[PDB]
Amino acid sequence: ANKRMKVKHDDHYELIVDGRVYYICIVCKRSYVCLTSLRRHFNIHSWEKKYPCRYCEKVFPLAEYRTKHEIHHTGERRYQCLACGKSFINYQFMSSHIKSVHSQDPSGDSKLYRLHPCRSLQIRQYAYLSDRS
DNA sequence: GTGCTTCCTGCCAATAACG
DNA sequence: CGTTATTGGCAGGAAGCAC
Ligand SMILES: [Zn+2]
Ligand SMILES: [Zn+2]
Ligand SMILES: [Zn+2]
């Protein structure tokens, strides 16, 4: 067991721009609009927590970067098109497909795709993957 | 330039600590 | 369920690598 603490540290600095408070990493002076985003980033400098793969000996500095890489190892077709029903492994291939085949914008107000949960590997499952209508 | 893969980062929900 | 602190999954393209 360890003694819990509820304190901040000098691992960043604040910079006010156009009224907005930004948070900046001390090492590389990268700016962030959210502290949550900054904390995620600082793990790339500290290497306090490693995120090693299962199928190879590779290590990532972020949990989500590992997960997305492992989705490419397993081949989980998360993104399904709704126009032609075709399934894709990530957003980048899906967007390219919808543009080249259907000549439509998935970031528009049509919504021509649906996201299915990942079952090939273990992750937290948001209630919008479970069932939405 | 075309094609494959990983990185960036605000946004949002989930986890943990304390009541 | 209400605050404080961090994890870490999502959208969507830019950047890097291969040709
Ligand atoms: Zn930094
Ligand atoms: Zn791997
Ligand atoms: Zn389609």
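Where a number appears in this text, it was derived from the coordinates with a stated rule and is not lab data. Every residue, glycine among them, receives a Cβ derived from its backbone with ideal geometry; neighbour counts consider all protein chains shown.
Summary table
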| item | result |
| --- | --- |
| Residues with amide H under 5 Å from that of A:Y113, placed H, sequence gap 5 or more | A:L82 |
| Dipole in debye (nearest 20) - the range A:75-133, about Cα centre, beta carbon charges: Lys, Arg +1; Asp, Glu -1 | 160 debye |
| For chain A, average projected area of the Cα convex hull in nm² | 12.9 nm² |
| DSSP-assigned coil residues among GluC sites (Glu not before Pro) in the range A:25-131, each with at most 14 further Cβ atoms within 10 Å | A:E48, A:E57 |
| Candidate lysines for bridging to A:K6, where Cα separation is under 28 Å - those fewer than 8 sequence places away on the same chain excluded | A:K29, A:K49, A:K50 |
| Dipole magnitude (debye, nearest 20) for chain A, charges at Cβ of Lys, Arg, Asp, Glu | 420 debye |
| Karplus-derived HN-Hα couplings along the range A:15-25 (A = 6.51, B = -1.76, C = 1.60, θ = phi - 60°), whole Hz, x at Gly and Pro | 9, 7, 9, 6, x, 7, 7, 9, 10, 10, 5 |
| Theoretical FRET efficiency, 1/(1+(r/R0)^6), r = Cβ-Cβ of A:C34 and A:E57, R0 25 Å, to 0.05 | 0.15 |
| Positive-end residue, the range A:1-48 charge dipole about Cα centroid, Cβ charges, pick of A:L38, A:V21, A:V7 | A:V7 |
